[PDB]
Amino acid sequence: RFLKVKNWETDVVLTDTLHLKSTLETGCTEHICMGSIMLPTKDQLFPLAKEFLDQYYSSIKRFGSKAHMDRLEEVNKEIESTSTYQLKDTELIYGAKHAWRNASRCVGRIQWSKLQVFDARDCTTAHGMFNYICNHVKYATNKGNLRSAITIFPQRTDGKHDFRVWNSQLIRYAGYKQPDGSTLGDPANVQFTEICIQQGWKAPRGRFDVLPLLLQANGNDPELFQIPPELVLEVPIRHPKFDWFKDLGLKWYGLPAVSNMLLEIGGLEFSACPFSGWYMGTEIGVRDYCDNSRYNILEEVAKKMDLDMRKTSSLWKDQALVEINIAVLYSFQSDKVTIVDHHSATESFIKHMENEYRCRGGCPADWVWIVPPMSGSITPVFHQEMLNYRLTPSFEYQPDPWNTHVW
Amino acid sequence: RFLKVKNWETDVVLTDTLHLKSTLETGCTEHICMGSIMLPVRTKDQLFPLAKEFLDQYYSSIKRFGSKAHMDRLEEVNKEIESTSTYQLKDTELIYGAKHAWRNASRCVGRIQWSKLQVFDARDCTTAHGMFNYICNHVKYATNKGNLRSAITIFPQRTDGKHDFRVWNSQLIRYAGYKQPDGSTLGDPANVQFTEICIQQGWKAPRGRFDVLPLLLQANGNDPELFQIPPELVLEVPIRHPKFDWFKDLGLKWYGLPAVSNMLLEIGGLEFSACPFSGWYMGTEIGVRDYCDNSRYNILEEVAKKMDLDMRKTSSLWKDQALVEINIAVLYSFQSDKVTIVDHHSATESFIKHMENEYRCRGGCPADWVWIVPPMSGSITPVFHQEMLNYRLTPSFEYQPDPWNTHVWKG
Ligand code: HEM
Ligand code: HEM
Ligand SMILES: Cc1cc(N)nc(CCc2cc(F)cc(CCCN(C)C)c2F)c1
Ligand SMILES: Cc1cc(N)nc(CCc2cc(F)cc(CCCN(C)C)c2F)c1
Ligand SMILES: C[C@H](O)[C@H](O)[C@H]1CNc2nc(N)[nH]c(=O)c2N1
Ligand SMILES: C[C@H](O)[C@H](O)[C@H]1CNc2nc(N)[nH]c(=O)c2N1
Ligand SMILES: [Zn+2]
C-alpha cells in the first residue's frame with residue numbers, strides 16, 4: 001500500500017504514497033492491464049469542491065483555518081443556491097498548475113510551477129476568444145524564447161453553452177487529399193481541414209498552410225479567424241551536414257499548443273483551455289515527419305542519403321530517422337527557438353521524479369508515453385519503473401465538437 | 001463481455017474475448033497501473049482444479065472435449081493426486097503445455113514461431129551430470145551450425161520445493177563479469193554476481209572480457225555443480241561493421257544462441273523450475289541493450305569517439321548515431337556468418353501479423369506493450385501504434401527468485 005518503484009539502471013528505489021490520494025479510474029483491473037490503450041450535479045459537486053479546497057488550503061498551510069472553513073462554507077453556500085461556483089483567481093492558478101503537475105503522460109513537467117495562467121473567464125464571443133488566443137500566442141512565443149502558458153475560458157454550465165476551440169492545436173498545418181491518390185500536407189488534419197473549408201475557409205492548398213482558428217463561444221456556431229502570420233513563428237529545417245536537406249522544403253512551427261482538452265478543477269469543467277510550452281525534438285522529427293499516417297518523408301530522405309533501402313536489416317530507416325532528428329534540433333537551435341532533445345528532457349524528468357517523491361510522495365507517470373519514440377533504452381526513463389494513477393485537478397480528453405454541436 | 005483494441009496507424013480494430021479465460025493477477029487495480037513494473041509447495045487442495053482446467057484446454061485443442069479419453073484422463077489424474085498429492089503429465093500434454101506457455105508469453109515479440117518449438121523431455125534426469133548432458137544436446141540441437149531452431153528442455157517438476165532442479169545460470173550462454181579493485185568492470189557487468197558465485201564454487205576464471213561462464217547445475221535439491229560447456233558447442237560471431245573498418249578492432253563478439261534458463265514453467269498446476277529455452281536473437285537485444293546500456297558493455301563512448309562525433313552536447317544525437325551503427329554491425333556480422341538473426345522491423349511486423357491471426361483464430365493475444373516495442377526506433381515499427389491488452393493465461397512462464405537466495409546448502 002506504500003509502493004516502491006525501482007530504477008534498473010541505477011538501483012535507486014522510491015516509495016510512492018501519493019497514489020493513495022488517487023481518485024479517477026485507470027481502466028485496468030487485476031485481470032487485465034490497459035496501460036497501452038490510447039483513450040479509456042449539486043450532490044456530486046460539493047465533495048469535489050471540498051477535496052480541491054482542502055488540498056489548496058493545505059498547500060498554503062491553512063488547513064483547518066478560519067479562511068479555510070469560511071471558503072468551504074462560502075462555496076458550499078454558492079453550490080446550494082447556484083448549482084455551480086466560481087474559483088478565486090488564486091485557486092484558478094493553483095488548479096491549473098496542478099493539472100499540469102498531474103499529467104502522467106507529460107515528460108516536461110519539471111517546469112510545472114512556472115505556468116503563466118491567463119484568466120479569460122470574462123470572455124463572451126469568438127472574436128473575444130480570438131483576441132485572447134492571439135495574446136496567448138504572442139506571450140508564449142516571446143520571439144523564440146518560449147514561455148509556458150494556459151488561457152482558461154468560461155467553465156461549462158449546462159453543456160449547451162460550452163466554449164470550445166475546435167482545433168486540436170492552435171497552430172497546425174492543413175491536410176488536403178489528392179484526386180490521384182494520397183494526401184498533401186498533414187494527413188492527421190485532413191478531416192479538420194475539411195470542416196474549415198466546409199465551414200467557409202479558403203485554403204491556399206499548399207503543404208504547410210497554417211490552419212485558421214475555429215472558435216466556439218457559449219455554444220454558438222464556431223467562427224474562422226486567421227492568426228496573424230507575424231505571430232506564427234516557424235523554423236525552416238536544414239541539416240548541419242547535408243546541404244541537400246533544405247531542398248526537401250521542410251519547416252515546422254515553434255509553438256506546440258494543445259487546444260482541445262478539458263481542464264477539471266474542484267469539479268468544474270473548463271472545455272476551452274489552450275495550453276502551450278515548447279517542443280521536445282522527437283515530437284516533430286520522429287512523429288510529425290516519419291509516422292506513416294503523417295508526413296512519412298523517410299522514403300525520400302533515405303534515397304537522398306543513398307542508403308540500401310532494399311532490406312530492413314540495413315537499418316536505413318533508423319539512420320535517416322536519426323539525421324532528420326539531428327536537423328530539427330539543429331534548426332530550432334540555430335534560429336534561437338526553444339527546443340529540448342529527448343536525452344535532456346528524460347533526464348530532467350528523472351530529476352523531477354526524484355523531487356516529487358522527495359517533496360510530495362510520488363509522481364504519477366505513464367511509461368508508454370514518457371519513453372521517447374526513438375532510442376528509448378539509451379534514455380534514463382526506459383529503466384525507470386513508473387506508477388500510473390489519475391490525480392485531480394487534471395486535463396482530460398473530450399469528444400470532438402463537430403460530432404457534438406447541436407448545430 | 002468483449003473488448004476492443006485499435007491500431008492508430010491503420011485504424012484496424014480487433015475484438016478480444018480471450019481475456020475472459022484469465023486467471024493470475026496483473027498487479028493492476030482500477031486505481032493504479034503497474035504496467036511498467038518489472039516483477040509483478042502446493043497442496044492437493046488447489047491442484048485438481050488447475051489440472052482440470054489444463055486438461056479441459058488440452059482436450060479441446062485435439063477436439064476430444066467430453067470424450068471418454070478426456071473423462072478417463074481426468075479420473076486418472078484425480079486419483080493420482082489424492083493418492084500421491086501430485087500427478088505426471090503425458091508426453092502429449094507436456095509438449096502442448098510448453099508450446100502454449102510460449103504462446104501465452106505476453107512480453108515475447110517472437111511468438112509467431114510458437115507452434116514450432118522442439119520439446120526435450122528431461123524428466124528422467126536425476127543428477128547434475130545428467131543435466132549437463134541434456135543441456136549440451138539442447139545447445140547442439142538448437143544451434144544447428146548457425147541455422148537456429150527453437151528448443152526447450154524440461155527437467156523434473158517440483159515436488160516439495162526441497163528437491164528442486166535449477167539451472168543457476170540466467171542464460172545457458174553468457175559472458176563473465178569481473179569487478180576490479182579500481183571500480184571498473186571487465187566483461188559483462190550484468191553477470192558480476194553470478195561470476196563470483198562460480199569463482200567461489202571453484203571456477204578457474206580466465207578473467208577475460210568475453211569468457212563463457214560455466215554451467216552451474218542443481219539436481220533434486222542438492223548443491224549445484226560446475227561444468228564447462230565444450231567450446232566447440234558455443235557458436236560465436238565476431239562483430240564487424242560493413243563500412244567501418246575500425247569496428248573489428250573494438251574486439252567485440254557475441255554468442256549466437258539466446259537461451260533463457262532461470263524461469264519457471266507452469267502447466268496444469270505443476271511447476272517445472274528448470275526448463276531452459278532458446279530461440280534466436282533480435283538484433284537490438286545485443287546491439288542496443290547488451291552493448292549500449294550504461295550498466296552493460298557501454299561501448300557507446302568508444303564507438304562515438306572512433307566515428308568522430310560531436311560528443312560535447314547530447315543534442316548532436318551522437319548517442320543515437322553510434323547506437324544505429326552498432327546495430328547495423330550486429331545484423332551484418334550475424335548474416336555474414338549465416339547465424340540466424342532478426343532485425344526489429346522484421347520481427348515487429350511478424351508479431352502484428354501473428355497478433356491479428358491470434359485474434360481471429362483464438363479471440364485475442366495477450367501482449368505487454370512496454371516489452372514488445374523495440375528499445376530503439378520505437379515509433380517507426382508497427383507495434384508502437386498497436387493498442388495491446390495484457391493479461392495472464394496459463395500454461396505460463398513465471399519468474400522465480402535466484403536459487404542462491406533460497407537454497408539450503410548441504411556442504
Ligand atoms: C514545457 C515543455 C513541455 C514539454 C517538453 C512537453 C512534452 C510532452 C510530450 C512529449 C508529450 C507526449 C504527447 C505526444 O507525444 O503526443 C506530452 C503530453 C502532455 N503534456 Fe506536456 N510538454 C510540455 C509542456 C506542457 C504544458 C505547459 C502542459 C499544460 C499546462 C502540458 C500538458 C501535457 C498533457 C496533459 C499531456 C498528455 C495529454 C494526454 O493524456 O494525451 N505539457 N508533453
Ligand atoms: C525464436 C525467436 C524469439 C525471439 C526473436 C524472441 C524475442 C524476445 C524478446 C526481444 C523478448 C524481450 C526480453 C528482453 O528484451 O529482455 C522476449 C521475451 C520472452 N520470450 Fe521470446 N523470443 C524468441 C523465442 C522464444 C522462445 C522459444 C521462448 C520459450 C519457449 C520464448 C519465451 C519468452 C518469454 C517467456 C519471454 C518473457 C521474458 C520476461 O518476462 O522476462 N521466446 N522474447
Ligand atoms: C503543451 C505541449 C507541449 C509539447 N512539448 N508538446 C505538445 C503536443 C503533445 C500533445 C499533448 C497533449 F496534451 C495532447 C496531444 C494530442 C494527441 C493525443 N493522442 C490521441 C495522439 C498532443 F499531441 C503539447
Ligand atoms: C528465448 C529467447 C529468445 C530471444 N530472442 N531472446 C531471449 C533473451 C530475452 C530474455 C527472455 C526471458 F524470458 C528472460 C530474460 C531475462 C531478463 C529478466 N529481466 C527481469 C532482467 C531475457 F533476457 C530469449
Ligand atoms: C522499468 C521498465 O519496466 C524496464 O526497464 C523494462 C521496460 N521494457 C523492457 N523491454 C524489453 N524488451 N526488455 C527489457 O528489459 C525491458 N525493461
Ligand atoms: C498504441 C499506443 O497506445 C499508442 O501508439 C501510443 C503509444 N505511446 C505514445 N507516446 C507518445 N508520447 N505519444 C503517442 O501518441 C503515443 N501513442
Ligand atoms: Zn495496468
# chains A, B, ... in the order shown; residues from 1 in each chain; ligands from 1
>>> interface_residues(of="chain B", to="chain A", cutoff="7 Å", atoms="only C-alpha atoms", output="ChimeraX atom specification")
/B:9,22-23,25-37,293,295,314-317,320-321,324,328,331,343,345-346,369-370,375-380,387-391
>>> residues_near_ligand(ligand="ligand 4", cutoff="10 Å", atoms="only C-alpha atoms and all ligand atoms", output="JSON, numbers by chain")
{"A": [8], "B": [37, 38, 39, 102, 105, 107, 108, 109, 110, 111, 150, 151, 152, 170, 171, 190, 257, 258, 259, 260, 261, 262, 263, 264, 276, 277, 278, 279, 280, 281, 282, 283, 284, 285, 286, 289, 290, 341, 342, 397, 398, 399]}
>>> select_by_dssp(residues="region 114-320 of chain B", states="strand (DSSP E)", output="ChimeraX atom specification")
/B:118-121,151-154,166-167,177-179,185-187,215-218,225-227,236-238,253-255,259-260,264-267,270-272,277-278,281-282
>>> closest_atom_pairs(of="chain A", to="ligand 1", cutoff="7 Å", atoms="only C-alpha atoms and all ligand atoms", output="tab-separated table")
residue	atom	partner	partner_atom_place_in_ligand_line	distance
A:96	CA	ligand 1	30 (C)	6.9
A:97	CA	ligand 1	30 (C)	6.5
A:99	CA	ligand 1	30 (C)	7.0
A:100	CA	ligand 1	30 (C)	4.5
A:103	CA	ligand 1	35 (C)	4.7
A:105	CA	ligand 1	37 (C)	4.7
A:106	CA	ligand 1	43 (N)	3.9
A:107	CA	ligand 1	7 (C)	5.0
A:108	CA	ligand 1	4 (C)	3.8
A:109	CA	ligand 1	23 (C)	6.5
A:111	CA	ligand 1	1 (C)	6.3
A:115	CA	ligand 1	27 (C)	6.5
A:148	CA	ligand 1	27 (C)	4.9
A:149	CA	ligand 1	27 (C)	6.0
A:150	CA	ligand 1	30 (C)	6.2
A:275	CA	ligand 1	29 (C)	5.4
A:276	CA	ligand 1	27 (C)	4.9
A:277	CA	ligand 1	1 (C)	3.9
A:278	CA	ligand 1	2 (C)	4.6
A:279	CA	ligand 1	5 (C)	5.2
A:280	CA	ligand 1	5 (C)	4.8
A:283	CA	ligand 1	15 (O)	5.7
A:340	CA	ligand 1	5 (C)	6.6
A:345	CA	ligand 1	5 (C)	6.6
A:369	CA	ligand 1	12 (C)	5.9
A:370	CA	ligand 1	12 (C)	6.8
A:395	CA	ligand 1	35 (C)	5.2
A:396	CA	ligand 1	40 (O)	6.7
>>> residues_around(residues="residue 218 (chain B)", least_positions_apart="5", cutoff="7 Å", atoms="only C-alpha atoms", output="list in words")
residues 128, 165, 166, 167, 223, 224 and 225 of chain B
>>> write_last_selection(atoms="C-alpha atoms", output="short mmCIF file (atom, residue, chain, number, x, y, z; two decimals), in the first residue's frame")
data_model
loop_
_atom_site.label_atom_id
_atom_site.label_comp_id
_atom_site.auth_asym_id
_atom_site.auth_seq_id
_atom_site.Cartn_x
_atom_site.Cartn_y
_atom_site.Cartn_z
CA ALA B 128 23.71 -32.56 -12.29
CA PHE B 165 16.06 -28.91 -10.25
CA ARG B 166 17.51 -25.48 -11.08
CA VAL B 167 19.86 -24.10 -13.71
CA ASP B 223 24.23 -28.47 -4.03
CA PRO B 224 24.97 -27.18 -7.55
CA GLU B 225 27.96 -28.33 -9.59
#
>>> atom_distance(atom1="CA of residue 79 (chain A)", atom2="CA of residue 157 (chain A)")
12.6 Å
>>> select_by_dssp(residues="region 18-231 of chain A", states="alpha helix (DSSP H)", output="PyMOL selection string")
chain A and resi 42-59+66-82+89-101+126-141+190-197
